[PDB]
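Down below is the structure, laid out as structure tokens.
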Amino acid sequence: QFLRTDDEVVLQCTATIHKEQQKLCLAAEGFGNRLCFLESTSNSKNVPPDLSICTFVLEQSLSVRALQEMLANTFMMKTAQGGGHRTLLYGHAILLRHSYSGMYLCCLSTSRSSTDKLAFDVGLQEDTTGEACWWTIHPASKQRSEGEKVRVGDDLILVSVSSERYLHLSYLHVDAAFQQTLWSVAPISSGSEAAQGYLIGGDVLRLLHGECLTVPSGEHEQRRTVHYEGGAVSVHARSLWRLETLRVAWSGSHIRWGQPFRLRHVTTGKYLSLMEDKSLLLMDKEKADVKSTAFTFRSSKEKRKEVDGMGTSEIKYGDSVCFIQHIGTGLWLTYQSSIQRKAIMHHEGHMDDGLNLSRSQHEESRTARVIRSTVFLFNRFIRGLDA
Amino acid sequence: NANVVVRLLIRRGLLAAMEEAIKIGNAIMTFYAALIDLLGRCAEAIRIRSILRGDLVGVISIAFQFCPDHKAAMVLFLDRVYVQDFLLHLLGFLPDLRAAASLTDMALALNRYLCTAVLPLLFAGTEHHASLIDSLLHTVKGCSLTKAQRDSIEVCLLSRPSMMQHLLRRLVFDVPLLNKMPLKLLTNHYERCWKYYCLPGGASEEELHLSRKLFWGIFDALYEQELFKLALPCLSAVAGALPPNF
């Protein structure tokens, strides 16, 4: 209904290049990247956009006077300073923490682009040292005025404090120009989250088997097969699966049964592509269509889409007797026969369709993303050295 | 007013094609000189100085080439927005002070840049003092030229010191042509500067003897000449302290 402290949201422009629906959300890679870029949300059907590195969390909402308090001490913010959750007004000075990296979005001191005279570029940094991290919001509305509350889905203007510049989409950079640019808000996940032990989207997890799901190791295949393995594979960094939802807005909502979700391994990127010809296979990032990859979650073997909120966590992690079904073919996940118990998608299967879930944790994801970024960086390095 | 004016100017390359038409009609050059003269009148505030802050190559292009207004606009812009050694190193009126000894657009450009080149109060230094030593006796306006002469004396009080010895030598070589009142005051200024700097002094002995002989022959010749001869006793003190046109 409104915006408070710690509301995970995104930003979203609608670029009208050649009257298209050329849509995009703002990205921040980090852990090797000190520049920002975009993420196309237009053709989300055929090639689904990455979403775990495009969300942001409002850590603090202040007036100008608290910013001169930051001028006063030569930090500690009096631990809020204030409340509470401090529902956001227009004209406040907000702070955008990146939701994954933990870095803060700032206005940089360089112009590593066009030229285009003296604007600046947009990137992350470490700390709130100085005015370069804070962002005044001006209302982009003759409808509403300044100093009043900010509702769900408002069109506004982001202006920094130090550079005192816009947050401007270039033609294709995102930089600090002197022209206005709308920046809308989609509430993803807030808040809180909601009681412990809940299926909520955006979470990375596993599936117990008694034993877990897995992927074979590297130096290969190109890791495009699916096995099972018992042992300590939960400790391993290759048994990692992320519940990627379908909606852009309210993507971090709760999880019922019924509704389908895309799936993707955290250290590969090649989606869990159930190729509807035979059985369980693996293909790339561009393959993941509507019907091709997303799996429906059924409470039994038997067999909404529009919720404007967090909603009901139907399933905990303990009693997660879950029954994965594909959208179209209606197949169900059962096995066949360093255990080479290969799983298949079959109509009937065994009684071992009823497997139990298990969440992952923070730092495991906070390294697992670093794994894929490091590996693809070094393989580009290997290409350059073989060149 | 400066704050709000500069901000809403920022609301609504340029020099890459703006130095096009020095050849080509006296309108766009004075236009951009007017805009840069407006922006040269605005001194928290570090954040707007960052907004004003790459222009220097265009400045030095303007500072060394219709003309005599745009240079003064950039002079004020540089002196407000933007050390003595590097600021003096970019000689910015070296060809202009060179052209200050070629005396009607020049006849008003000279008084126009008398009060404009005071701001140089705040090898190449030798050539700059050389061109100034010709520019100062090159007009012997009156009061503005005397202010520029006092500025040259205070510039000579700054700095190496062999350049100051050569400048005092140039004053002692020019004063012998009068032994007009401007050269007498300039040699009085060099005499006072040598009297202040005689502790580094105490080649130069015979030139100092010739200068003291010229001062003795001037003092044995019996009003601006009265003030110059009263300052000449400080030159005798400079001789007894350090050692003891063209």
Rounded to the nearest 0.05, what FRET efficiency is calculated for A:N46 and A:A72 with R0 set to 56 Å and r the Cβ-Cβ distance?
-> 0.55
Taking a spot 7 Å from the Cα of A:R151 along the direction of its beta carbon, which residues of the range A:4-41 have an amide N less than 18 Å from it?
-> A:4
Cβ-Cβ cut-off under 11 Å around A:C107, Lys and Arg +1, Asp and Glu -1: the net charge is -3
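Taking the Cα centre as origin and putting +1 on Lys and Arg beta-carbons and -1 on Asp and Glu beta-carbons, what dipole magnitude results for chain A, to the nearest 20 debye? Please list the in-between numbers first.
Numbers: 44 positive and 43 negative charges, 100 e Å.
Charge dipole, chain A, about its Cα centre: 480 debye, nearest 20.
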Length released on extending from A:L89 to A:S113, taking residue separation times 0.36 nm less the Cα-Cα span = 5.3 nm
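Quick check: convex hull of the Cα atoms in the protein assembly as shown, volume per residue, rounded to a whole Å³?
Working: hull volume 165.6 nm³, N = 633.
So the per-residue Cα hull volume is 262 Å³.
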Charged-residue dipole, Cβ positions (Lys, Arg, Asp, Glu), the range B:147-189 about Cα centre, Debye nearest 20 | 60
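GluC sites (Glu not before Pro) within the range A:99-163: which are DSSP loop residues with at most 15 other Cβ atoms inside 10 Å?
On the way: sites: A:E126, A:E131, A:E146, A:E148; in loops: A:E126, A:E146, A:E148.
Within the range A:99-163, the qualifying GluC sites (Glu not before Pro) (loop, at most 15 other Cβ atoms within 10 Å) are A:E126, A:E146, A:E148.
Here Cβ is always computed from backbone atoms with ideal geometry, including for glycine, and neighbour counts include all displayed protein chains. Read-outs: derived from the displayed coordinates by stated rules, not from any lab.
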